[PDB]
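Structure data (PDB, C-alpha atoms and all ligand atoms) from query_3.pdb:
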```pdb
ATOM      1  CA  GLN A   1      10.763  97.943 -31.044
ATOM      2  CA  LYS A   2      12.056  99.878 -27.999
ATOM      3  CA  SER A   3      13.768 103.180 -28.734
ATOM      4  CA  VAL A   4      17.557 103.321 -28.608
ATOM      5  CA  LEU A   5      17.123 105.779 -25.717
ATOM      6  CA  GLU A   6      15.142 103.325 -23.587
ATOM      7  CA  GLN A   7      17.588 100.525 -24.363
ATOM      8  CA  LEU A   8      20.597 102.697 -23.483
ATOM      9  CA  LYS A   9      18.979 103.484 -20.123
ATOM     10  CA  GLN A  10      19.113  99.820 -19.084
ATOM     11  CA  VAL A  11      22.912  99.593 -19.537
ATOM     12  CA  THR A  12      24.093 103.169 -18.997
ATOM     13  CA  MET A  13      23.103 106.025 -16.681
ATOM     14  CA  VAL A  14      21.540 108.527 -19.114
ATOM     15  CA  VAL A  15      22.328 112.179 -18.264
ATOM     16  CA  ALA A  16      20.958 115.303 -20.024
ATOM     17  CA  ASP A  17      23.515 117.962 -21.034
ATOM     18  CA  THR A  18      21.685 121.309 -20.886
ATOM     19  CA  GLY A  19      20.826 124.360 -18.806
ATOM     20  CA  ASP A  20      17.290 124.465 -20.261
ATOM     21  CA  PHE A  21      15.222 122.404 -17.878
ATOM     22  CA  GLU A  22      12.156 122.523 -20.131
ATOM     23  CA  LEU A  23      13.812 120.161 -22.622
ATOM     24  CA  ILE A  24      14.764 117.583 -19.948
ATOM     25  CA  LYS A  25      11.566 116.024 -18.607
ATOM     26  CA  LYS A  26      10.467 114.351 -21.851
ATOM     27  CA  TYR A  27      13.726 112.321 -21.979
ATOM     28  CA  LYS A  28      13.578 111.262 -18.319
ATOM     29  CA  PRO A  29      17.328 111.271 -17.719
ATOM     30  CA  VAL A  30      18.660 110.219 -14.301
ATOM     31  CA  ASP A  31      21.111 113.128 -13.825
ATOM     32  CA  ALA A  32      21.837 116.385 -15.717
ATOM     33  CA  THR A  33      24.943 118.450 -16.415
ATOM     34  CA  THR A  34      25.409 122.164 -17.015
ATOM     35  CA  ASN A  35      28.584 124.035 -17.891
ATOM     36  CA  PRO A  36      29.341 127.770 -18.269
ATOM     37  CA  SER A  37      28.507 127.803 -22.005
ATOM     38  CA  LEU A  38      25.171 126.018 -21.409
ATOM     39  CA  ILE A  39      24.262 128.472 -18.618
ATOM     40  CA  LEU A  40      25.092 131.440 -20.899
ATOM     41  CA  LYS A  41      22.986 129.893 -23.682
ATOM     42  CA  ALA A  42      20.039 129.466 -21.304
ATOM     43  CA  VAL A  43      20.370 133.006 -19.914
ATOM     44  CA  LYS A  44      20.056 134.425 -23.453
ATOM     45  CA  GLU A  45      16.871 132.453 -24.235
ATOM     46  CA  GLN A  46      13.886 134.819 -24.223
ATOM     47  CA  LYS A  47      11.806 132.359 -22.198
ATOM     48  CA  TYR A  48      14.164 132.922 -19.219
ATOM     49  CA  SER A  49      14.379 136.725 -19.504
ATOM     50  CA  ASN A  50      12.394 137.204 -16.274
ATOM     51  CA  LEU A  51      14.133 134.513 -14.160
ATOM     52  CA  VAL A  52      17.381 136.445 -14.762
ATOM     53  CA  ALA A  53      15.934 139.868 -13.779
ATOM     54  CA  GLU A  54      14.365 138.209 -10.715
ATOM     55  CA  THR A  55      17.724 136.809  -9.597
ATOM     56  CA  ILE A  56      19.304 140.236 -10.067
ATOM     57  CA  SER A  57      16.596 141.826  -7.870
ATOM     58  CA  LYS A  58      16.623 139.135  -5.180
ATOM     59  CA  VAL A  59      20.404 139.093  -4.751
ATOM     60  CA  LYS A  60      20.592 142.889  -5.081
ATOM     61  CA  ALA A  61      17.914 143.371  -2.409
ATOM     62  CA  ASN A  62      19.428 140.803  -0.002
ATOM     63  CA  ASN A  63      22.948 142.270  -0.309
ATOM     64  CA  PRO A  64      22.595 146.072  -0.254
ATOM     65  CA  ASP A  65      26.117 146.449   1.232
ATOM     66  CA  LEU A  66      28.154 144.509  -1.373
ATOM     67  CA  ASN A  67      30.496 146.531  -3.583
ATOM     68  CA  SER A  68      29.507 146.343  -7.264
ATOM     69  CA  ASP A  69      32.091 143.676  -8.240
ATOM     70  CA  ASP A  70      31.048 141.353  -5.366
ATOM     71  CA  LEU A  71      27.361 141.863  -6.253
ATOM     72  CA  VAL A  72      28.008 140.662  -9.811
ATOM     73  CA  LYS A  73      29.884 137.553  -8.586
ATOM     74  CA  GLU A  74      27.026 136.795  -6.218
ATOM     75  CA  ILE A  75      24.399 137.210  -8.906
ATOM     76  CA  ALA A  76      26.371 134.947 -11.291
ATOM     77  CA  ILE A  77      26.516 132.124  -8.732
ATOM     78  CA  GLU A  78      22.799 132.497  -7.898
ATOM     79  CA  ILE A  79      21.953 132.260 -11.630
ATOM     80  CA  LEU A  80      24.021 129.079 -11.964
ATOM     81  CA  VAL A  81      22.265 127.620  -8.928
ATOM     82  CA  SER A  82      18.801 128.836 -10.078
ATOM     83  CA  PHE A  83      19.107 126.899 -13.354
ATOM     84  CA  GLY A  84      20.359 123.838 -11.419
ATOM     85  CA  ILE A  85      17.341 124.009  -9.080
ATOM     86  CA  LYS A  86      14.911 124.195 -12.015
ATOM     87  CA  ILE A  87      16.636 121.112 -13.438
ATOM     88  CA  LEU A  88      16.491 119.266 -10.112
ATOM     89  CA  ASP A  89      12.721 119.899 -10.051
ATOM     90  CA  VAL A  90      12.267 117.668 -13.133
ATOM     91  CA  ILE A  91      14.725 114.806 -12.516
ATOM     92  CA  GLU A  92      15.289 112.262  -9.712
ATOM     93  CA  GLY A  93      19.068 112.456  -9.699
ATOM     94  CA  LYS A  94      21.892 114.955  -9.523
ATOM     95  CA  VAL A  95      22.853 118.095 -11.374
ATOM     96  CA  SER A  96      26.410 119.243 -12.141
ATOM     97  CA  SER A  97      27.233 122.967 -11.626
ATOM     98  CA  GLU A  98      30.693 124.243 -12.679
ATOM     99  CA  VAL A  99      32.988 126.509 -10.692
ATOM    100  CA  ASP A 100      34.092 129.788 -12.246
ATOM    101  CA  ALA A 101      36.761 128.796 -14.805
ATOM    102  CA  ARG A 102      39.006 131.617 -13.583
ATOM    103  CA  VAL A 103      39.935 129.639 -10.442
ATOM    104  CA  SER A 104      41.129 126.635 -12.515
ATOM    105  CA  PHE A 105      44.811 126.993 -11.433
ATOM    106  CA  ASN A 106      44.162 127.729  -7.763
ATOM    107  CA  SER A 107      43.136 124.819  -5.536
ATOM    108  CA  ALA A 108      42.281 127.017  -2.526
ATOM    109  CA  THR A 109      39.917 129.323  -4.455
ATOM    110  CA  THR A 110      38.442 126.349  -6.365
ATOM    111  CA  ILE A 111      37.596 124.816  -2.976
ATOM    112  CA  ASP A 112      36.103 128.164  -1.824
ATOM    113  CA  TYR A 113      33.970 128.521  -4.979
ATOM    114  CA  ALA A 114      32.809 124.900  -4.755
ATOM    115  CA  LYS A 115      31.630 125.480  -1.172
ATOM    116  CA  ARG A 116      29.853 128.724  -2.126
ATOM    117  CA  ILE A 117      27.911 126.719  -4.740
ATOM    118  CA  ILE A 118      26.966 124.129  -2.113
ATOM    119  CA  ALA A 119      25.999 126.933   0.320
ATOM    120  CA  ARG A 120      23.614 128.548  -2.205
ATOM    121  CA  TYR A 121      21.926 125.214  -2.990
ATOM    122  CA  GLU A 122      21.545 124.570   0.757
ATOM    123  CA  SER A 123      20.093 128.067   1.330
ATOM    124  CA  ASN A 124      17.508 127.176  -1.320
ATOM    125  CA  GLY A 125      16.509 123.949   0.471
ATOM    126  CA  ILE A 126      18.254 121.572  -1.919
ATOM    127  CA  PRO A 127      19.935 118.533  -0.318
ATOM    128  CA  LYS A 128      23.670 118.660  -0.994
ATOM    129  CA  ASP A 129      23.731 115.024  -2.256
ATOM    130  CA  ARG A 130      21.819 116.196  -5.350
ATOM    131  CA  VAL A 131      24.717 118.360  -6.539
ATOM    132  CA  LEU A 132      27.988 117.628  -8.268
ATOM    133  CA  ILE A 133      30.580 120.425  -8.471
ATOM    134  CA  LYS A 134      32.186 120.470 -11.913
ATOM    135  CA  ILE A 135      35.896 121.288 -11.936
ATOM    136  CA  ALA A 136      38.416 121.465 -14.769
ATOM    137  CA  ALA A 137      40.889 118.581 -14.466
ATOM    138  CA  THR A 138      44.062 120.651 -14.251
ATOM    139  CA  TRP A 139      46.456 119.437 -11.549
ATOM    140  CA  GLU A 140      45.093 122.159  -9.274
ATOM    141  CA  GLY A 141      41.465 121.177  -9.953
ATOM    142  CA  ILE A 142      42.220 117.528  -9.151
ATOM    143  CA  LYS A 143      44.000 118.589  -5.958
ATOM    144  CA  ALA A 144      40.910 120.631  -4.954
ATOM    145  CA  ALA A 145      38.583 117.696  -5.709
ATOM    146  CA  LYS A 146      40.772 115.494  -3.497
ATOM    147  CA  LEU A 147      40.106 117.832  -0.514
ATOM    148  CA  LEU A 148      36.418 118.271  -1.434
ATOM    149  CA  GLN A 149      35.792 114.511  -1.561
ATOM    150  CA  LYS A 150      37.496 114.024   1.819
ATOM    151  CA  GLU A 151      34.957 116.518   3.144
ATOM    152  CA  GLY A 152      32.008 114.666   1.510
ATOM    153  CA  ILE A 153      31.498 117.036  -1.421
ATOM    154  CA  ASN A 154      31.085 115.071  -4.664
ATOM    155  CA  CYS A 155      32.874 116.348  -7.759
ATOM    156  CA  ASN A 156      32.603 115.970 -11.523
ATOM    157  CA  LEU A 157      36.059 116.386 -13.034
ATOM    158  CA  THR A 158      35.669 117.794 -16.529
ATOM    159  CA  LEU A 159      37.780 118.737 -19.586
ATOM    160  CA  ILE A 160      39.446 115.339 -19.468
ATOM    161  CA  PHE A 161      41.392 114.593 -22.649
ATOM    162  CA  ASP A 162      44.126 112.165 -21.557
ATOM    163  CA  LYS A 163      44.291 108.888 -19.609
ATOM    164  CA  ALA A 164      46.798 110.436 -17.123
ATOM    165  CA  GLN A 165      44.263 113.040 -16.064
ATOM    166  CA  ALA A 166      41.737 110.273 -15.701
ATOM    167  CA  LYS A 167      44.068 108.172 -13.536
ATOM    168  CA  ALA A 168      44.957 111.157 -11.321
ATOM    169  CA  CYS A 169      41.239 111.938 -10.834
ATOM    170  CA  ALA A 170      40.518 108.342  -9.805
ATOM    171  CA  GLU A 171      43.495 108.401  -7.431
ATOM    172  CA  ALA A 172      42.000 111.501  -5.786
ATOM    173  CA  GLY A 173      38.793 109.524  -5.096
ATOM    174  CA  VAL A 174      36.616 111.703  -7.321
ATOM    175  CA  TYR A 175      32.943 110.730  -7.576
ATOM    176  CA  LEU A 176      32.790 111.108 -11.343
ATOM    177  CA  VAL A 177      34.920 112.004 -14.368
ATOM    178  CA  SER A 178      33.766 113.476 -17.679
ATOM    179  CA  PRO A 179      36.136 112.369 -20.416
ATOM    180  CA  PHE A 180      35.316 114.301 -23.593
ATOM    181  CA  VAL A 181      34.583 112.695 -26.910
ATOM    182  CA  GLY A 182      33.493 115.475 -29.247
ATOM    183  CA  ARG A 183      36.221 118.012 -28.740
ATOM    184  CA  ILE A 184      38.800 115.325 -29.458
ATOM    185  CA  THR A 185      36.933 114.422 -32.660
ATOM    186  CA  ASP A 186      36.877 118.212 -33.419
ATOM    187  CA  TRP A 187      40.696 118.361 -33.154
ATOM    188  CA  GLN A 188      41.090 115.218 -35.251
ATOM    189  CA  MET A 189      38.896 116.735 -37.992
ATOM    190  CA  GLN A 190      40.604 120.175 -37.855
ATOM    191  CA  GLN A 191      44.117 118.660 -38.189
ATOM    192  CA  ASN A 192      43.339 117.483 -41.731
ATOM    193  CA  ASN A 193      40.364 119.662 -42.684
ATOM    194  CA  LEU A 194      38.088 116.618 -42.536
ATOM    195  CA  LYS A 195      34.459 117.444 -43.358
ATOM    196  CA  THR A 196      32.801 114.202 -42.378
ATOM    197  CA  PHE A 197      33.113 112.475 -39.039
ATOM    198  CA  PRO A 198      35.645 109.661 -39.028
ATOM    199  CA  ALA A 199      34.373 106.079 -38.918
ATOM    200  CA  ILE A 200      33.585 105.074 -35.298
ATOM    201  CA  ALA A 201      36.575 102.710 -35.050
ATOM    202  CA  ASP A 202      38.857 105.620 -36.053
ATOM    203  CA  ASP A 203      37.175 108.284 -33.857
ATOM    204  CA  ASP A 204      39.846 109.583 -31.448
ATOM    205  CA  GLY A 205      37.221 110.841 -28.969
ATOM    206  CA  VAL A 206      35.331 107.555 -28.810
ATOM    207  CA  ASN A 207      38.623 105.668 -28.425
ATOM    208  CA  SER A 208      39.725 107.990 -25.609
ATOM    209  CA  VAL A 209      36.635 107.174 -23.499
ATOM    210  CA  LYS A 210      37.009 103.443 -24.358
ATOM    211  CA  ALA A 211      40.646 103.524 -23.141
ATOM    212  CA  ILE A 212      39.713 105.393 -19.924
ATOM    213  CA  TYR A 213      36.827 103.018 -19.262
ATOM    214  CA  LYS A 214      39.189 100.047 -19.691
ATOM    215  CA  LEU A 215      41.831 101.713 -17.441
ATOM    216  CA  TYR A 216      39.282 102.253 -14.673
ATOM    217  CA  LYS A 217      37.769  98.768 -14.643
ATOM    218  CA  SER A 218      41.164  96.982 -14.786
ATOM    219  CA  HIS A 219      42.367  99.070 -11.787
ATOM    220  CA  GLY A 220      39.164  98.691  -9.790
ATOM    221  CA  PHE A 221      38.547 102.434  -9.633
ATOM    222  CA  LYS A 222      35.067 103.259  -8.353
ATOM    223  CA  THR A 223      34.935 106.711  -9.936
ATOM    224  CA  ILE A 224      32.044 106.895 -12.398
ATOM    225  CA  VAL A 225      33.076 107.209 -16.029
ATOM    226  CA  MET A 226      30.723 109.576 -17.810
ATOM    227  CA  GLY A 227      31.360 110.199 -21.480
ATOM    228  CA  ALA A 228      30.608 113.813 -22.431
ATOM    229  CA  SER A 229      30.783 116.192 -25.432
ATOM    230  CA  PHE A 230      29.059 114.531 -28.399
ATOM    231  CA  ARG A 231      28.775 115.504 -32.037
ATOM    232  CA  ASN A 232      26.557 112.684 -33.399
ATOM    233  CA  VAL A 233      24.369 109.784 -32.163
ATOM    234  CA  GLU A 234      26.752 107.116 -33.459
ATOM    235  CA  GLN A 235      29.379 108.291 -30.950
ATOM    236  CA  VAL A 236      26.868 107.828 -28.133
ATOM    237  CA  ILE A 237      25.738 104.406 -29.444
ATOM    238  CA  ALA A 238      29.403 103.311 -29.685
ATOM    239  CA  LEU A 239      29.757 103.822 -25.927
ATOM    240  CA  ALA A 240      26.649 101.907 -24.815
ATOM    241  CA  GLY A 241      27.492 100.169 -21.520
ATOM    242  CA  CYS A 242      29.593 103.052 -20.222
ATOM    243  CA  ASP A 243      28.760 103.902 -16.586
ATOM    244  CA  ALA A 244      27.117 107.113 -17.709
ATOM    245  CA  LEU A 245      26.776 109.346 -20.737
ATOM    246  CA  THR A 246      25.734 113.013 -20.782
ATOM    247  CA  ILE A 247      23.931 113.920 -23.994
ATOM    248  CA  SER A 248      22.418 117.062 -25.540
ATOM    249  CA  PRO A 249      18.634 117.260 -25.974
ATOM    250  CA  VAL A 250      19.285 117.324 -29.737
ATOM    251  CA  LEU A 251      20.987 113.909 -29.576
ATOM    252  CA  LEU A 252      18.554 112.593 -26.953
ATOM    253  CA  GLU A 253      15.739 113.360 -29.417
ATOM    254  CA  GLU A 254      17.519 111.314 -32.078
ATOM    255  CA  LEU A 255      17.944 108.392 -29.647
ATOM    256  CA  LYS A 256      14.273 108.629 -28.646
ATOM    257  CA  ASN A 257      13.021 108.476 -32.227
ATOM    258  CA  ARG A 258      14.972 105.508 -33.569
ATOM    259  CA  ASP A 259      14.150 101.907 -32.644
ATOM    260  CA  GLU A 260      16.935  99.674 -33.927
ATOM    261  CA  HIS A 261      18.450  97.203 -31.484
ATOM    262  CA  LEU A 262      21.231  98.523 -29.277
ATOM    263  CA  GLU A 263      24.341  96.396 -28.691
ATOM    264  CA  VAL A 264      26.285  97.005 -25.483
ATOM    265  CA  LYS A 265      29.950  97.744 -26.256
ATOM    266  CA  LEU A 266      31.556  98.459 -22.861
ATOM    267  CA  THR A 267      31.305  95.920 -20.069
ATOM    268  CA  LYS A 268      32.685  95.315 -16.569
ATOM    269  CA  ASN A 269      34.647  92.173 -15.636
ATOM    270  CA  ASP A 270      36.037  90.001 -12.816
ATOM    271  CA  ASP A 271      39.725  90.220 -13.823
ATOM    272  CA  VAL A 272      42.498  90.460 -11.250
ATOM    273  CA  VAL A 273      42.841  94.112 -10.227
ATOM    274  CA  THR A 274      46.055  95.957 -11.163
ATOM    275  CA  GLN A 275      47.498  98.121  -8.363
ATOM    276  CA  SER A 276      49.782 100.754  -9.919
ATOM    277  CA  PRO A 277      51.847 103.535  -8.355
ATOM    278  CA  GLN A 278      50.125 106.898  -8.086
ATOM    279  CA  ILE A 279      50.780 109.652 -10.638
ATOM    280  CA  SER A 280      52.953 112.440  -9.239
ATOM    281  CA  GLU A 281      52.497 116.076 -10.209
ATOM    282  CA  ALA A 282      55.697 115.986 -12.295
ATOM    283  CA  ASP A 283      54.609 112.754 -14.085
ATOM    284  CA  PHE A 284      51.177 114.252 -14.737
ATOM    285  CA  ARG A 285      52.555 117.487 -16.213
ATOM    286  CA  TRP A 286      54.991 115.560 -18.369
ATOM    287  CA  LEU A 287      52.377 113.166 -19.754
ATOM    288  CA  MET A 288      49.923 116.005 -20.439
ATOM    289  CA  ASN A 289      52.650 117.905 -22.276
ATOM    290  CA  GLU A 290      53.343 114.899 -24.523
ATOM    291  CA  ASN A 291      49.686 114.886 -25.571
ATOM    292  CA  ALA A 292      49.521 117.981 -27.824
ATOM    293  CA  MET A 293      45.761 117.695 -28.253
ATOM    294  CA  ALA A 294      45.088 117.332 -24.483
ATOM    295  CA  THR A 295      47.227 120.315 -23.437
ATOM    296  CA  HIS A 296      45.554 122.433 -26.087
ATOM    297  CA  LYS A 297      41.937 121.347 -25.408
ATOM    298  CA  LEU A 298      42.244 121.661 -21.620
ATOM    299  CA  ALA A 299      43.742 125.155 -21.995
ATOM    300  CA  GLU A 300      41.193 126.176 -24.643
ATOM    301  CA  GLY A 301      38.288 124.783 -22.592
ATOM    302  CA  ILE A 302      39.306 126.964 -19.657
ATOM    303  CA  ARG A 303      39.742 130.022 -21.924
ATOM    304  CA  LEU A 304      36.384 129.491 -23.644
ATOM    305  CA  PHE A 305      34.414 128.896 -20.451
ATOM    306  CA  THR A 306      36.049 132.042 -19.013
ATOM    307  CA  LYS A 307      34.896 134.017 -22.027
ATOM    308  CA  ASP A 308      31.309 132.810 -21.501
ATOM    309  CA  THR A 309      31.441 133.562 -17.778
ATOM    310  CA  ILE A 310      32.694 137.096 -18.544
ATOM    311  CA  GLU A 311      29.873 137.501 -21.054
ATOM    312  CA  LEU A 312      27.392 136.460 -18.327
ATOM    313  CA  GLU A 313      28.918 139.045 -15.975
ATOM    314  CA  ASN A 314      28.493 141.722 -18.639
ATOM    315  CA  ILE A 315      24.843 140.743 -19.120
ATOM    316  CA  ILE A 316      24.429 141.088 -15.328
ATOM    317  CA  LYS A 317      26.159 144.518 -15.369
ATOM    318  CA  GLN A 318      23.946 145.660 -18.282
ATOM    319  CA  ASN A 319      20.867 144.856 -16.160
ATOM    320  CA  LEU A 320      22.021 145.887 -12.689
TER     321      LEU A 320
HETATM  322  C1  LIG B   1      29.912 118.675 -18.403
HETATM  323  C2  LIG B   1      30.713 117.381 -18.298
HETATM  324  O1  LIG B   1      30.014 116.453 -17.462
HETATM  325  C3  LIG B   1      29.377 118.900 -19.800
HETATM  326  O2  LIG B   1      28.351 119.884 -19.731
HETATM  327  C4  LIG B   1      30.466 119.319 -20.797
HETATM  328  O3  LIG B   1      30.999 120.607 -20.480
HETATM  329  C5  LIG B   1      29.876 119.317 -22.203
HETATM  330  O4  LIG B   1      29.359 118.008 -22.453
HETATM  331  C6  LIG B   1      30.887 119.684 -23.284
HETATM  332  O5  LIG B   1      30.231 119.614 -24.557
HETATM  333  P1  LIG B   1      30.794 120.464 -25.787
HETATM  334  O6  LIG B   1      32.144 119.896 -26.135
HETATM  335  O7  LIG B   1      29.795 120.235 -26.883
HETATM  336  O8  LIG B   1      30.850 121.877 -25.256
END
```
Take the structure in this file and express it as structure tokens.
Amino acid sequence: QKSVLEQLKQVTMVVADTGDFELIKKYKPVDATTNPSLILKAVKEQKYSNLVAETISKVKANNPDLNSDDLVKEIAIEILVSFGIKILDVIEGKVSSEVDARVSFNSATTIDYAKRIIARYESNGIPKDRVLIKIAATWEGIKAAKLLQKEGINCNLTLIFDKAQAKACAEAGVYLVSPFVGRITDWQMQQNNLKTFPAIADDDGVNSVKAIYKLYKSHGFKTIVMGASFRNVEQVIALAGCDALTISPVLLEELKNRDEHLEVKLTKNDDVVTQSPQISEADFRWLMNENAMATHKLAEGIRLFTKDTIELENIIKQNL
């Protein structure tokens, strides 16, 4: 009788994947995640037209001495944080905010951007424990997260497409990882012009998260495994029991409206813990290169998020 959504909540931390806070409350997720494409989407929604002009005026009035390029960067970070704050107003947990994709291959500037995000949340009276900094899992991003975590700044390592990335993130003591399901399924379908989704047992994306989950629990890693990027409700249902799952409002609505019984598929255990050697940079780069899909989707993810961030900057410039 209970909805699949309410059942899932008892075995998995349910997280809402959106920048539109108005769609969140009705699903009562614990945490929420944003990314640069979701922020751009939100910014272009007519209902937020004013909130954007307001941010432009506030930042512009509080920084009369910034050169035009610095003003735009400042406005872009305040927008990202503004949407996160609106989200935090309607949930009890944390929100993920992603660093500018352009710093993805520079650990120092990733660290700087991460701290600027934390500084803006703090200036707005938000406790830092309510924020997760989202960072692309390139070697440089993982290296930055390692430093951030040592300084008490929790990170969400994203664009994870291979178990080696996952292992390196866990070895860096990252709070949470976001292995992708959907984009892997996208690649699988593109390869052979498949129209329909593959059966769940044959879904490369679902199997990737299952393999990473199993890797983590057998190695005793404490990093939270949060499946992300979904294309259909069956993919979410197939991962019931995962530490966490971030889901679009569209899929959350589907989970809320159906009431069949939910069977847990991923579970923890008391097996002897495997202690393996750490992954070196050279090992990491080699393994990523062997995975054609992973190298392509990580690269593409960074390119696409950059494109959306540039579009946001242009919207800012067109309204400055
Ligand atoms: C952050 C990961 O925790 C998320 O917002 C991801 O970027 C999205 O879930 C990716 O979804 P798409 O593949 O549909 O863009």
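Using the PyMOL selection byres (((chain A and resi 161) around 9) and not hetatm) on the file at hand returns these residues: residues 158, 159, 160, 162, 163, 164, 165, 166, 179, 180, 181, 183, 184, 205, 208, 209, 288, 291, 293, 294, 295, 297 and 298 of chain A.
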So what does the PyMOL selection byres (((not hetatm)) within 9 of (chain B and resi 1)) actually pick up in this one, as a PyMOL selection string?
chain A and resi 15-19+32-38+96-98+134+156-159+176-184+186+226-231+245-248+301+305
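Every residue that the PyMOL selection byres (((chain A and resi 40-51) around 9) and not hetatm) selects in this file is listed here: residues 18, 19, 20, 35, 36, 37, 38, 39, 52, 53, 54, 55, 56, 79, 82, 83, 308, 309, 311, 312 and 315 of chain A.
Between atom CA of residue A:131 and atom CA of residue A:95 there is a distance of 5.2 Å.
Taking atom CA of residue A:77 and atom CA of residue A:120 as the two end points, the separation is 8.0 Å.
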If we count all atoms listed in the file and set the cut-off at 9 Å, which residues sit around residue A:257, ignoring sequence neighbours fewer than 5 positions away in its own chain? Please answer as number ranges by chain.
A: 3-5, 252
Got a sec: who's within 7 Å of stretch 276-285 of chain A, counting all atoms listed in the file, leaving out chain neighbours fewer than 2 positions off, as a list in words?
residues 164, 168, 171, 274, 287, 288 and 289 of chain A
Grab the atom CA of residue A:118 to atom CA of residue A:310 distance for me, in Å with one decimal place.
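Separating atom CA of residue A:118 from atom CA of residue A:310 is a distance of 21.7 Å.
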Could you list, as a ChimeraX atom specification, every residue within 10 Å of residue A:219, counting all atoms listed in the file and ignoring same-chain residues fewer than 2 positions away?
/A:167,170,214-217,221-222,271-276
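When only C-alpha atoms are used to measure the gap to residue A:114, the shortest distance among A:146, A:304, A:137, A:155 belongs to A:155.
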Closest of A:243, A:22, A:129, A:151 to residue A:8 - atom-to-atom distances counting only C-alpha atoms
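Among the listed residues, the smallest separation from residue A:8 belongs to A:243.
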Looking at only C-alpha atoms, which of A:320, A:126, A:132, A:211 is the one that sits closest to residue A:57?
A:320
